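Chains as they are written, first to last, in this note's numbering: chain A, 198 to 415; chain B, 406 to 625.
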């Protein structure tokens with residue numbers, strides 16, 4: 198089968214600039230007067246949407262910012278200028294022969310002014326303690342870049358087992374990320390310690406952001 | 406104005422048969438090409454095959470699954486059957502049309518997600534997340550809702566029956582030791598809560614679960 202190799206896998210670009218995504222095929226997809234290499238855009242939770250067909254033709258309704266070119270085995274998709282709503286994943290796909298195949302995709306990240314997170318900490322609910330478990334939750338909302346380290350501390354001792362960290366997709370309006378960090382314990386283990394703390398070390402600050410509570414302080 | 410819409414079961418057990426339906430309106434399925442596509446956990450899109458305007462079919466030979474594509478012209482629907490599914494058939498499935506005057510996947514459905522697993526379906530426990538009991542407060546308050554220990558995906562979560570949409574972040578579910586966990590945060594002004602009640606509405610169809618959990622302030 199024909200293999201389509203996209204590049205780069207992930208592309209950060211600042212607002213207003215242009216993004217260049219390339220797609221290379223194992224074999225030529227151009228026969229005589231036409232080239233069979235189409236592009237699609239998929240946003241989170243949505244299906245992929247056609248942007249450009251037959252190498253350089255614009256789909257109806259697609260903004261003029263999108264353009265395509267290429268022939269033979271090499272093809273390129275251009276977006277100039279990029280905007281917030283373009284945060285998405287883009288795929289190339291060929292039609293020259295069966296079976297049709299897709300490229301690996303290219304995630305478009307809108308470069309964003311470094312922003313620090315708003316951190317909140319929540320102790321276990323009485324309903325959960327009734328069940329014999331105890332989860333401590335730490336929210337980190339609206340920051341950038343995406344990478345960020347969260348460290349849990351029980352009575353000043355680091356804890357990395359039993360932690361679940363989940364990121365949202367890049368927001369389409371403000372281009373920020375948010376993440377949730379959950380530390381799950383047993384009720385009896387939660388009740389033999391006093392201090393609980395999530396520390397957020399991020400590129401935005403020299404020292405980490407710290408939120409904490411004490412079990413018996415109320 | 407052509408529309409496609411996938412439908413089918415959300416959970417199937419290994420070695421069972423899985424049948425999906427693509428309902429088509431706004432255009433007859435006897436004039437164009439009609440395809441099936443799936444997206445694996447990850448980012449890999451795979452072409453599966455089509456059924457043509459004349460009822461002729463084509464199946465991607467590189468597939469490891471055994472599939473069958475059929476149609477019903479009286480309903481303007483067409484179908485995809487996977488025989489003896491495996492865990493590797495877990496994916497999101499799309500139907501899309503390829504036009505004679507377009508020659509690309511010009512119309513897509515929204516997609517339907519399928520999980521193939523033998524694990525029993527389990528209902529979620531919904532827990533409120535209220536501010537640490539200390540009374541100090543800033544200019545805003547962040548609340549939360551924790552949905553833990555369910556299977557399979559998906560769940561839906563709203564705040565105050567959807568009336569509360571601004572300042573809401575819902576985090577994708579994660580699988581740990583066989584069960585899913587997800588959470589959601591909502592931010593309001595200091596004087597809104599608790600005088601105004603805030604509730605997370607959680608639904609998990611696979612277990613017949615529907616839960617409304619009010620966020621109560623913490624007592625000392």
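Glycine is no exception: its CB is placed at the ideal position from the N, C-alpha and C atoms.
| Query | Result |
| --- | --- |
| Same chain, Cβ closer than 6 Å to residue 489 of chain B, five either side skipped, listed in chain order | 420 |
| With 16 other Cβ atoms within 10 Å as the buried cut-off, status of residue 552 of chain B | buried |
| C-beta contact flag for residue 244 of chain A and residue 511 of chain B at 7 Å | no |
| Closer than 7 Å to chain B by CB, residue 265 of chain A | no |
| Backbone secondary structure at residue 511 of chain B - three-state DSSP | strand |
| Residues in the segment 326 to 337 of chain A having any Cβ partner in chain B nearer than 9 Å | 328, 330, 332, 334 and 336 |
| Local conformation of residue 540 of chain B per DSSP, three classes | coil |
| Cβ of residue 574 of chain B within 7 Å of any chain A Cβ | yes |
| Given residue 180 of chain A as reference, the closest of A:300, A:307, A:236 and A:350 once Cα atoms are compared | The first residue shown for chain A is 198 and the last is 415, placing residue 180 of chain A beyond what the model contains. |
| Contact test: residue 508 of chain B Cβ vs the ligand GTP heavy atom, cutoff 6 Å | Of ligands this structure carries none, so the ligand GTP is not represented either. |
| Residue 380 of chain B (DSSP reduced to helix, strand or coil) | No statement about residue 380 of chain B is possible, as the shown extent of chain B runs from 406 to 625 and does not include it. |
| Proximal chain A residues relative to residue 579 of chain B, where beta-carbon distance stays under 7 Å | 361 and 363 |
| Distance CB(residue 336 of chain A)-CB(residue 613 of chain B) smaller than 7 Å | no |
| The segment 411 to 425 of chain B contacting the segment 485 to 503 of chain B, beta-carbon criterion three pairs below 8 Å | yes |
| Beta-carbon proximity list for residue 359 of chain A, same chain, < 8 Å, skipping 5 on both sides | 380, 381 and 382 |
| Cross-strand partners of residue 235 of chain A (DSSP beta bridge) | A:290 |
| Start and end residues, beta strand (DSSP E) containing residue 361 of chain A | 360 to 364 |
| Where the beta strand (DSSP E) containing residue 327 of chain A begins and where it ends | Where residue 327 of chain A is concerned, there is no enclosing beta strand (DSSP E), although the alpha helix (DSSP H) it sits in stretches over 323 to 328. |
| Three CB pairs or more closer than 8 Å across the segment 526 to 534 of chain B and the segment 289 to 305 of chain A | no |
| Test: residue 430 of chain B CB closer than 7 Å to a CB of chain A | no |
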